[PDB]
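Down below is the structure, laid out as structure tokens.
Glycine gets a Cβ as well: all are built from the backbone with ideal geometry, and neighbour counts include every protein chain shown. Please treat every number below as a calculation from the coordinates, not as lab data.
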Amino acid sequence: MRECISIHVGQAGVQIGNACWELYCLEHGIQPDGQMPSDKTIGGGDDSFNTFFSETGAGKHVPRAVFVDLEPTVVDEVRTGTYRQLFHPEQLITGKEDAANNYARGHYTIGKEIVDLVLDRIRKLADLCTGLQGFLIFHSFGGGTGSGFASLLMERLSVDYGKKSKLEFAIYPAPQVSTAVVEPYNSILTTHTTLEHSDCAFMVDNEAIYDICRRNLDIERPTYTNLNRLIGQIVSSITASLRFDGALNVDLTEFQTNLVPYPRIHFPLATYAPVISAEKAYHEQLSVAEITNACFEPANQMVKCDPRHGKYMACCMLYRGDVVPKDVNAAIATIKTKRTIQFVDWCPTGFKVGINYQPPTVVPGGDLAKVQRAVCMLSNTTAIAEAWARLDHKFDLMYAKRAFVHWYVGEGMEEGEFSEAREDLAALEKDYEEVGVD
Amino acid sequence: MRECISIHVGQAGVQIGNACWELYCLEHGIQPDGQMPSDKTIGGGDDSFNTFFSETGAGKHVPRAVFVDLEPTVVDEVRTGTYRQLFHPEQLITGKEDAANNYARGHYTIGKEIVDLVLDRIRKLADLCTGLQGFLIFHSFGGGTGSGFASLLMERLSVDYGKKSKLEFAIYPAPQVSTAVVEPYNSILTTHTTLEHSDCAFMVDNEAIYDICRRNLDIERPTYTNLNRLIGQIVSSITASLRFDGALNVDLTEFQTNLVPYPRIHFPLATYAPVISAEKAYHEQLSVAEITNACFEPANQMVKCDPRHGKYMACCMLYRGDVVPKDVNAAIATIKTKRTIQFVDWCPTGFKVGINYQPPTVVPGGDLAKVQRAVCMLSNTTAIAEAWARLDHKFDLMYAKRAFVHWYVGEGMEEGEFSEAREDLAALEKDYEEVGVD
Amino acid sequence: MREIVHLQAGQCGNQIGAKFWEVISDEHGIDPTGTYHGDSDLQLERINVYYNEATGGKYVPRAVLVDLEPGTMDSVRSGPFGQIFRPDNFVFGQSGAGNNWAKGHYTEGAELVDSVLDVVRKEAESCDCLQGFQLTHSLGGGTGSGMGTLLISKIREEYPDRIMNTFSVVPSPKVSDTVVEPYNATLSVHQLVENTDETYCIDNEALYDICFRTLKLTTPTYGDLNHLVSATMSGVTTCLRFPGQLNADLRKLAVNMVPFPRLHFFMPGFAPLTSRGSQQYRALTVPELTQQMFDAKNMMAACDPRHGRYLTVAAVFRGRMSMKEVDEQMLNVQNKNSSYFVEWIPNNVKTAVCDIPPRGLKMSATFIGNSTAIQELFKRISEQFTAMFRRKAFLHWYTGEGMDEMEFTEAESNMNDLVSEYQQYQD
Amino acid sequence: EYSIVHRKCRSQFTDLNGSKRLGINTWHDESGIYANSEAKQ
Amino acid sequence: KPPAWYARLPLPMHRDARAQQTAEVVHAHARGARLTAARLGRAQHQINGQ
Amino acid sequence: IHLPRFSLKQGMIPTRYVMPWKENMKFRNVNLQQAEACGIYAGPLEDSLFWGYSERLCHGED
Amino acid sequence: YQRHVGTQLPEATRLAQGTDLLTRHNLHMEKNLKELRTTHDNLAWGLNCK
Ligand SMILES: Nc1nc2c(ncn2[C@@H]2O[C@H](COP(=O)(O)OP(=O)(O)OP(=O)(O)O)[C@@H](O)[C@H]2O)c(=O)[nH]1
Ligand SMILES: Nc1nc2c(ncn2[C@@H]2O[C@H](COP(=O)(O)OP(=O)(O)OP(=O)(O)O)[C@@H](O)[C@H]2O)c(=O)[nH]1
Ligand SMILES: Nc1nc2c(ncn2[C@@H]2O[C@H](COP(=O)(O)OP(=O)(O)OP(=O)(O)O)[C@@H](O)[C@H]2O)c(=O)[nH]1
């Protein structure tokens, strides 16, 4: 039927998986025990959970995700958390050796003996699945373990499974903040390895996530929970089409076909418009007009790119809640009449709309507002070339003075592969202006 | 009718039979005293025991097995056990002098004066039997007393009785673990002797037996009782067809005819799929498909052979419990159409299905799963020659430097029979690739 | 007797026919369960032109529903009349379309054409003699375009002597949502014009304007939009089914409607559309009907034929009328705008009057038009096609599917021919 | 709280087996009766 | 740009090439058949005329 | 004696084959006429191009 | 086009041919690979003696 499998790699990428699965159980009302009240929803595992959970007649909702990590510190603590009884023990794939930010260490040294065992989980999850539209890959480019392992995994799952979709979600490297100086190294290494197999890579940056927090959410001191909650809302919104119905129902297959223009470049940008504090929404009102202006407001994006320094290609809006297409197509018509919004002349139309009746909900102990009209804005533009343009001059200096190379070549690489990526990057940027050139 | 006799040789072969008969008394509700309760099941010895026990007018279920050893240590203690009243005192054929791991000493020095005794047991058991399909031979290749004594008697029971089946079961020598360095001597001695006389020889290796325990049963600290339980479960599963019925009933004759392709090679591989810890099946589900995936998962076999390094000829699956043909035929259709499973092209079909309605029951104070759908996977592949390939390079060195020969030439043996077995062995391998070669 | 087999195609169609069928059922008085409540004798006789007989006075709709996405069908099955439809009629596949025409037209259709052919011929053999078939779909619909283009082709050689009635809605000119829609539209129309004999053109934006103009309800439902288009189609179906001196055969209409083979695309027209106070503020007279019937606002199909001229026009009147008023109104409009018709043919008016009024109103009518107002339509798709084919945007899928640019060459070239054809005939 | 007014329910045509329902069922249940039958109301 | 495609033998992407490499010959036959379909169909047409 | 001979093993090959050169009865005799007109192969009555997950040449088991 | 006669695909034959080549070379480098590990270990061992 309509189901998918989620993947969470890297200790940084597992606490995010915790939150969404925490989030996902709330709207489904899943108790911490793992079963429903006496109300009738259990069976052979077929209801709103069947797309996400596997609630066998034993009553235990089994989430369709696998958390893989190599440092048992965090994964054991959540194994002592609240929902650990729901989480399958060896689905919470732990490891005993980190990659030390080294992509290849996570790609060669230990991944060999670990990729075999996860593949058993995959096939034992694949067989019980019926529709299996695709995968939800959660990771990070600057992955101490997220980078190296998933790369071999995404390769191995691609070579046996190359017909279904693979959705990749990773934190983009902070443009001006660096928690690691090898972080650029594996990042370009990850990109060049993934460009020829990754289907759709959607990115996000925490700084502007933080910027939103004290701009409109008005929190000067949030925590990861809020960061995790807001990204968890994003994936929740895109998955509501599976969860509920609407005026029209869309699918990731339509997303891919209508988002990516041409091969290679498959890197659009997401955004959620009604990001606001609770009290503000209390004594103000939400409608399609202002949120449409808001979602296209350049400072509302989590990626440090000026749209007026680039040009638009696709923009996909997913209106969840109570809306009528009357104002929707009217409001976006005014957006088309807007002159600052510079789509490429190649596309007269570039708008993909998804309507869902279900109002987005608050979370207990939450920070969000009481949402009725919501939209997720997935767009792709040419103003992203600066990011890799930032990376290459970051990379080229470091590679010329070849710092930390003794670490990598010490355990068995050479400079050819680092060489290849830079013209792959050079091919990447040179592509950007050529398609940018009309 | 549908009955057989079991034999237990080698000091290892008797504690395993103990647990088997310990298991066997549970499913019949046998009290250790020897009698049923006031319930009406005793008679002329004709009921579920008639195929296994001999509960004559005395009301005592007499097991149809003869236990033979040459050291009184273990046999006296079991003669002081809990069911010793059940066991016939001289069916527990004891001895006073061991074979010292020497095949020949157990084949020449003492076996002459004892076989006449046990042969009397055989005929005095032969007369009381009616259908007597065959025998159950429990032994070991590295037989401290299993090697020599079994070889002589199996010759003697072959020459007088050549019209019935003989079922052989021995622990295969550990490929890299050796509790005896003379163990290779008698092991190849046993194999070459049995090849032209043994009907069906079935093996097992304890290393992967232990490996299973802390893999899925999660028992990092198992025991022989646990090991004896699972092999006792294994022989119980194959004998459930004699005990109960199902959709169809199958017999060792069908097993023999359909499993062995060609003469000599009669060494398939058994496997039991639903081997899981109780708490693991607690919140999960087991069905025909995944256990079929599990039973054909290469690491679930107890013999250190990679099926991808060989090719399949025969496979026998025996579903004990509640099943329906609809999922059985569909799942195997997926299995027959699986790429990795490389059957030999010579066989269009190689599948012998056995269905028994009776669910496998637990044992009090046990450790196993709680199975409704159980299957014993008996199969023969070409990935087995590596073991004998492993054996020969070990033997060719140690024979060329003729270690321990002074022991065997001291007691009256000499090198020729050692010479014979190597090309007899070399015949075995050279047959294995040509059947592999299409 | 001459009957009709219906085809329920495309996901928009999945909303279309469901509304279209319930409009029929509520008109005839059958309960949602299906046991017909005998109330009108004339409808008791002529229902068989669309429905067959099940046991217990239950009239089975002779429609076939096809899709790939179960949820829409589940919603349709959970509709108010899903029980009256047959699970046998619910043929589908186990895949997602991706809103791809080529996958539907070459990949997903291939394993579905066999079953749907069996179902229809089973239904075809169930009935005795058909006028033809009618097909609810859209030109901009991913599955609808892929299915219909295949389905129309196969039935052409199957039954080359029947009516291949079609239903396609033109996507919104201002926004197509689907960006590859112009590809799908251009591909479908090529086979369409070759295979089709009749085509109604419908656009959502005009209906939105109609909502702004007469509905005045601000926030309607697309089902209310379905309600309108179903009412338009229900009216034109009343001709065959109801008595009264009006000649009903679509072939009778088509020969009165089609001067040359390349004329398949036609526009609907409807009768009294009323606002809040005007239901109790309207003097229901054939003059004001005729005025409203010929109103530039009253159209809903594509755009104003004010830009072009009028080739063939035909309006069917439903209710208690007489030949004289429609005659004088025809003269009045003939004297009103004589030059706006083509000098090629005078007296382009075709009139049919159904004496049986609908249930809810007495004076009613429908109009079918063939004017020179389609140029704006296919010229619009032209720059879209040329701009996107200028640099082959979003094309690797179709090559990945197995489509080549050569197929596009004649597809637009055939489209360019009809641009001149409509131009040359009128200009 | 816990509104099922809008939520979707089982699919009759997607999966055709007894592993959705409870109780004794001989046939598949083809019917317009749904848990969400009150959406029209 | 140096010339690189000569023969070697490793083909990282070859299935896809074969699929399209077969896509021409399959389309080649159709064009020829429609030519014969053209002459035969109209042949019957005016035949029925007289 | 002529003997069947076929190719090696694959992983994508279908088990069965249809070969409607002799599996169409609408146009049978016609395609039968062009069987010898081209002279491709008639030979044994019973030739399938896919026995099971295995392929061969045009000459049927000869 | 399995209806028109003559539409056999040598595509599989070429695809099968490519697989055969890759298998052969696999054997080559594997034999080469096994040798070099043995050599290095002796070279490292000789260093220990030195
Ligand atoms: N995805 C994700 N990233 C985070 C989170 N919190 C901080 N980060 C950033 O993401 C990066 C995590 O990358 P790594 O440190 O390589 O994580 P890893 O590959 O799993 O291995 P470790 O080095 O042991 O953590 C950090 O450098 C942070 O800057 C989080 O919750 N999720
Ligand atoms: N199947 C089985 N094998 C065992 C068991 N215990 C030990 N073994 C192994 O099986 C072999 C049994 O052969 P022997 O040691 O010669 O036993 P035996 O011939 O009965 O008499 P002994 O020489 O006194 O030991 C041993 O070498 C052990 O490695 C057991 O309980 N069951
Ligand atoms: N059901 C429905 N369809 C709509 C609506 N508004 C516009 N449509 C359009 O009607 C078109 C025709 O539907 P289908 O022919 O079934 O389309 P499809 O082949 O299933 O694939 P898609 O076009 O991607 O939906 C769609 O492409 C929609 O763009 C609406 O409100 N309801």
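Here are some notes:
- Given in Å, the Rg to one decimal and the Dmax to the nearest whole number for the Cα atoms of chain E are 21.4, 67.
- When Rg and the Kirkwood Rh are both derived from Cα coordinates, the Rg/Rh ratio for chain D amounts to 1.00.
- When the GluC sites (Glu not before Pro) in segment A:238-315 are filtered for DSSP coil states and for at most 15 other beta-carbon atoms within 10 Å of their beta-carbon, the remaining sites are A:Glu284.
- Calculated P(r) of the protein assembly as shown - Cα pairs past 47 Å, %: 54 percent
- Computed helical MRE - 222 nm, chain A, DSSP H runs ≥ 4 contributing -39500 (n - 2.57), nearest 500: -12500 deg cm²/dmol
- The residues neighbouring A:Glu27, those whose beta-carbon lies less than 14 Å from its own, together hold a net charge of +2 under the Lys/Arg +1, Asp/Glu -1 convention.
- Coordinate range of the alpha-carbon atoms in segment B:300-438 per principal axis, descending: 61, 47, 20 Å.
- Approximate spin-label separation F:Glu46-A:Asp345, in nm, with each point projected 7 Å along Cα-to-Cβ: 7.0 nm
- Span from the segment B:371-438 Cα centroid across to the segment B:186-222 one, whole angstrom: 14 Å
- Rounded, prolate or oblate (a/c below 1.5 giving rounded, otherwise prolate when a/b exceeds b/c) for segment B:190-328 by Cα gyration tensor: oblate
- Each part reduced to its alpha carbon centroid, segment A:1-60 and segment C:35-100 end up 36 Å apart.
- A:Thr73/B:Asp218 FRET efficiency (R0 25 Å; Cβ-Cβ; nearest 0.05): 0.70
- Environment charge of F:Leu57, counting only residues whose C-beta is closer than 11 Å and scoring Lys/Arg +1, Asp/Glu -1: -2
- Residue list for segment A:18-51, given a label point 7 angstrom along the Cα-to-Cβ vector of D:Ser19 and an amide N cut-off under 15 Å: A:43-47, A:50-51
- For chain F, the relative contact order works out to 52 percent when only alpha carbon pairs closer than 8 Å and six or more residues apart are counted.
- Mean per-residue shielding of peptide D:11-23 is 6, counting Cβ atoms of other chains within 10 Å of each Cβ.
- Overall form of chain C per C-alpha gyration tensor (a/c, 1.5; a/b vs b/c): oblate
- Pairs of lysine residues in segment C:276-427 - Cα separation under 28 Å, sequence separation of 8 or more or cross-chain: 12
- Within the listed set B:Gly134, B:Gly29, B:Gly148, the Gaussian network model of chain B (springs between alpha-carbon atoms below 10 Å) gives the highest mean-square fluctuation for B:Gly29.
- Here the ratio of the Cα radius of gyration of chain A to 2.2 N^0.38 Å is 0.98.
- Treating r as the C-beta distance of C:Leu361 and A:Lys370 and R0 as 45 Å, the FRET efficiency rounds to 0.50.
- Mean-square fluctuations from a GNM of chain A, with a 10 angstrom spring cutoff on Cα atoms, peak among A:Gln31, A:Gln85, A:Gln176 at A:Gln176.
- Dividing the mean sequence gap of close Cα pairs (under 8 Å, 6+ apart) by how many residues segment B:5-131 holds gives a relative contact order of 23 percent.
- Pairs exceeding 31 Å between alpha-carbon atoms, taken from B:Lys164/B:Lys370; B:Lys338/C:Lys103; B:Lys166/B:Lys311: B:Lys164/B:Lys370.
- For peptide B:289-299, the mean count of partner chain Cβ atoms within 10 Å of a residue's Cβ comes to 2.
- Using the Cβ-Cβ distance between C:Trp344 and C:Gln245 with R0 set to 22 Å, the FRET efficiency works out to roughly 0.15.
- When the C-alpha to C-alpha distance is required to be over 28 Å, the pairs from A:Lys112/B:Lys304; B:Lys430/F:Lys9; C:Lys19/C:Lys122; B:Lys163/B:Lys394 that qualify are B:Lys163/B:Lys394.
- Take every DSSP beta bridge whose two residues both sit in chain A; close to 30 percent of them are antiparallel.
- Chain F: C-alpha gyration tensor shape, a/c 1.5 cut-off, then a/b vs b/c: oblate
- Annotation: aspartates and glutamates with alpha-carbon distance below 16 angstrom to B:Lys280 (same-chain offsets under eight excluded): A:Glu55, A:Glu90, B:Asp218, B:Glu220, B:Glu290, B:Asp367.
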